[PDB]
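Reading the structure
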Amino acid sequence: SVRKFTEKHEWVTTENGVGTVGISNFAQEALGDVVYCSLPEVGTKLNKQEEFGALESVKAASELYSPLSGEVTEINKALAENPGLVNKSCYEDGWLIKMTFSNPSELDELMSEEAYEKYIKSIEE
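Residues numbered from 1 in each chain as written, not as in the entry; some residues may be left out. Heavy atoms only, no water.

Listed as the method for this PDB entry is X-ray crystallography; the listed resolution is 0.88 Å.

Per its UniProt entry, the protein chain bears the Subunit comment "Interacts with GLDC (By similarity). The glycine cleavage system is composed of four proteins: P (GLDC), T (GCST), L (DLD) and H (GCSH)." (UniProt positions renumbered as here; feature names shortened; annotations may be inferred.)

Right, let's get into the UniProt feature "domain: Lipoyl-binding" in the protein chain. On the UniProt side, "domain: Lipoyl-binding" is annotated at positions that read residues 18-100 here. When the span residues 18-100 is considered, its composition is 13% helix and 42% strand, and the gap between its end C-alpha atoms is 4 Å. (Helix = DSSP H or I, 4+ residues; strand = E, 2+ residues; numbered from the N terminus.)

Below, the discussion takes up the pairing of strand 8 (residues 70-75). When strand 5 (residues 45-46) meets strand 8, the two strands line up antiparallel, connected through 2 bridges. Residue pairing for strand 8: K45 is matched across the bridge by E71. Sheet topology places strand 8 next to strand 9 (residues 97-101); 5 bridges connect them, and they run antiparallel. In the strand pairing of strand 9, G70 is matched with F101. (Pairing = 2+ DSSP bridges.)

Taken in spatial order, the 3 strands make up an open sheet running 4-6-7, and their pairing is antiparallel. The sheet is open, and its two borders are formed by strand 4 (34-38) and strand 7 (61-65), each paired with just one other strand. Sheet twist, expressed as the mean angle between neighbouring strand axes with direction ignored, is 20°. Direction of pairing for strand 6 (residues 51-57) relative to strand 7: antiparallel, over a ladder of 5 bridges. Paired with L55 across the two strands is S62, which belongs to strand 7. (Axes fitted to C-alpha atoms, helices over the stretch in contact; angles between N-to-C directions.)

Turning to the sheet that holds strand 2 (residues 10-15), a few remarks are in order. Strand order across the open sheet formed by 6 strands is 1-2-3-9-8-5, with antiparallel pairing between neighbours. Whereas interior strands pair on both sides, the edge strands pair on one side only; in this sheet they are strand 1 (4-5) and strand 5.

Now for the environment of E41. Here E41 shows up in the loop between strand 4 and strand 5. Relative accessible area serves as the criterion here: at 62%, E41 is assigned to the exposed category. Put simply, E41 and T73 are 32 residues apart on the chain and 8.6 Å apart in space, counted from C-alpha to C-alpha. (Buried < 20%, exposed > 50% of the residue type's maximum accessible area, 1.4 Å probe, protein only.)

This part covers unusual backbone geometry. One non-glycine residue, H9, lies in positive phi territory at about 70°. Following the sequence through the fold, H9 ends up in the loop between strand 1 and strand 2. With a phi close to 50°, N16 is a non-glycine residue in the positive phi region. Position of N16 among the secondary structure elements: in the loop between strand 2 and strand 3 (18-23).

Below, the discussion takes up the side chain of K48. Structurally, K48 is set in the loop between strand 5 and strand 6. With sequence-adjacent residues up to four places away left out, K48 is seen in contact with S66, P67, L68, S69, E106, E109 and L110. (Contact = heavy atoms within 4.5 Å.)

Moving on, we come to the state of the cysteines. Across all of its chains, the model carries 0 disulfides by this definition. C37 takes part in no disulfide bond, and the closest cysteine sulfur to it belongs to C90, at a distance of 12 Å. Exposure remark for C37: the relative accessible area of 11% places this residue in the buried category. (Disulfide = S-S within 2.5 Å.)

Structure, rendered in structure tokens:
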């Protein structure tokens, strides 16, 4: 598999029935420096599109919506003291949550990287 995106500027990568979720570069730029990450408890059940948390910056809050249905398995504990990892490493060290996903057909609903490239090109033009 490859990274997939949502229209709310989130991403998910998948391995072995587990999705890792974060925000895109476009999203972190729009927020500016993240000062706080509100993340769900491990074991939380999520439906696709359900709110799971929020990111805070001086500029705004950004609500986080689940890309998948399933169950939270991990949160990124580094973000409590180092929330700015979201800005510095949004695709790697600044991941937000991991979850099992219960309905694999849902990935087919998300945007490919190519579609997301076209999306943000269109938005920025």
